[PDB]
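K.L.:
Pasting a structure below so you can have a look.
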Ligand SMILES: N[C@@H](CCC(=O)N[C@@H](CS)C(=O)NCC(=O)O)C(=O)O
């Protein structure tokens, strides 16, 4: 990715995060992505999925997410504009009772 491509990809990722209470940066056949989506489904939370493998600038987006979050893998979850992390991170928040209130606070759960 060129520096302009990384910049454009970051802007794209930020706009998605800004315009969705819950965002799941994903890949279509990632088992961990499927797990987190299933959890959110069952919690009644609406999310925007973005499948990097189906985006033309998916590599640039993954590079931008690394720069932005230090994370190299999908799923890469944001809630209310804030970085959550991967499947494990989301499961951790579900485990300590913080996830539903976070999801409610930002509108992801009505
Ligand atoms: N501990 C991480 C593991 C996630 C993970 O390993 N994701 C794989 C996809 S199955 C990945 O992103 N591999 C590198 C890639 O596909 O870019 C989590 O719970 O989210």
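Values quoted throughout were computed directly from the atomic coordinates according to the rules given, and no laboratory measurement underlies them. Here Cβ is always computed from backbone atoms with ideal geometry, including for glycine, and neighbour counts include all displayed protein chains.
K.L.:
Calculate for the chain the 222 nm mean residue ellipticity that helices alone would give, adding -39,500 (n - 2.57) per DSSP H run of length 4 or more and normalising by residue count, nearest 500 deg cm²/dmol.
P.N.:
Computed ellipticity for the chain at 222 nm equals -16000 deg cm²/dmol.
K.L.:
Now for a different question. Which order results if 104, 2, 69 are arranged by neighbouring Cβ count within 10 Å, fewest first?
P.N.:
The fewest-first ordering by Cβ neighbours comes to 2, 104, 69.
K.L.:
Report, in degrees rounded to the nearest 10, the 0 to 90 angle that the Cα long axis of helix 58-69 makes with the longest principal axis of the chain.
P.N.:
The angle comes out near 60 degrees.
K.L.:
Per residue, what volume in Å³ does the convex hull of the Cα atoms of the chain enclose?
P.N.:
In the chain, the Cα convex hull volume per residue is 85 Å³.
K.L.:
What ranking do 52, 16 get, fewest neighbouring Cβ atoms within 10 angstrom at the top?
P.N.:
Placing the least packed residue first, the sequence is 16, 52.
K.L.:
By how many nm would the segment from residue 42 to residue 92 lengthen if fully extended, with 0.36 nm per residue of separation less the alpha-carbon distance?
P.N.:
That works out to 16.4 nm of additional length.
K.L.:
Here is a further query. Give me the percent of DSSP beta bridges within the chain that run antiparallel, rounded to the nearest 5.
P.N.:
65 percent
K.L.:
Run the simple label-point estimate for residue 18 and residue 73 please: 7 Å along Cα→C-beta, distance reported in nm.
P.N.:
Computed distance between label sites residue 18 and residue 73 equals 3.1 nm.
K.L.:
Additional query: With each pseudo-label sitting 7 Å past Cα toward Cβ, what's the residue 100-residue 2 distance in nm, one decimal?
P.N.:
Using points 7 Å along Cα→Cβ, the separation is 5.0 nm.
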